[PDB]
Structure formats: C-alpha cells, structure tokens
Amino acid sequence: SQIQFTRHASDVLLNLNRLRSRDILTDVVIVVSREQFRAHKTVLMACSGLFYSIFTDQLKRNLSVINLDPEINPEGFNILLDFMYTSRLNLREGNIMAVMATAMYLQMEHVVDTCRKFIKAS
C-alpha cells in the first residue's frame, strides 16, 4: 500500500554513476589486461554473479584489486560496466561476440540472453 516513485531507482543509479565518474567512494579496481576500471563493489555485486560470489566471501570481501582472466576483452568489460551503471547496453555487430563472452564470464544471464537475441536478429 506504499506510494511508488517510478523514477527513484533510475535516479539512484544515475547518481551512483556520477559518483563513479568522480571516484567518490569507489572501493575496487578491476584490472583487465592492460586496462584498469574503478567501481563500487556494491554495484558490481548487484549486477554480476561473478562479482557477487567474489565479494560475498569473507575471504575476498576487502580486496581492493581484482585481476580478471587475461583473455577477457577490455572493451567487452567496459561495455558491461557501463551497462551496470546506466541500464543501457551498447551492443553492435562489431562487439557482440566480445560482449556475450564477457557477460558469460561475469555471470550476467539476462545480458547473455539478450546477446542471443541480438544474434538471432543478425
């Protein structure tokens, strides 16, 4: 019976992206081959089964640096990180495979399913 604010969650996520853009309260660096990306672990955990499983473990919860698998494409990772913080997924014919494989590794199943639809549409 509570009053629903239909743009509140989008507003929150937009503001979290602003904080990331300013490096405010970012608490991890994700290293992907020669590139580095800062983020909030809470957002990563909210959006990825890989990051959820890492940081939920009390053994790895306080890690400040995560080295991803060396074969992960940094562009694919960057597209997915941007998706996490914007709800918008930059899928293109030139990047679909990289994005889909990276989403599999990150355990982002709805994104993988959407990549499977993009392939079905060419």
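Numbering starts at 1 and follows the sequence shown.
Mean CA B-factor, 33-41 versus 86-94: the higher value falls on 86-94. A summary of the deposited B-factors shows that, of 15-23 and 110-118, the stretch with the larger mean C-alpha value is 110-118. In the PDB entry, a CA B factor belonging to the lowest third of its chain's modelled residues is recorded for residue 49. Annotation for residue 80: CA B-factor lies in the lowest third of the chain's modelled residues. In this PDB entry, residue 28 carries a Cα temperature factor that places it within the lowest third of its chain's modelled residues.
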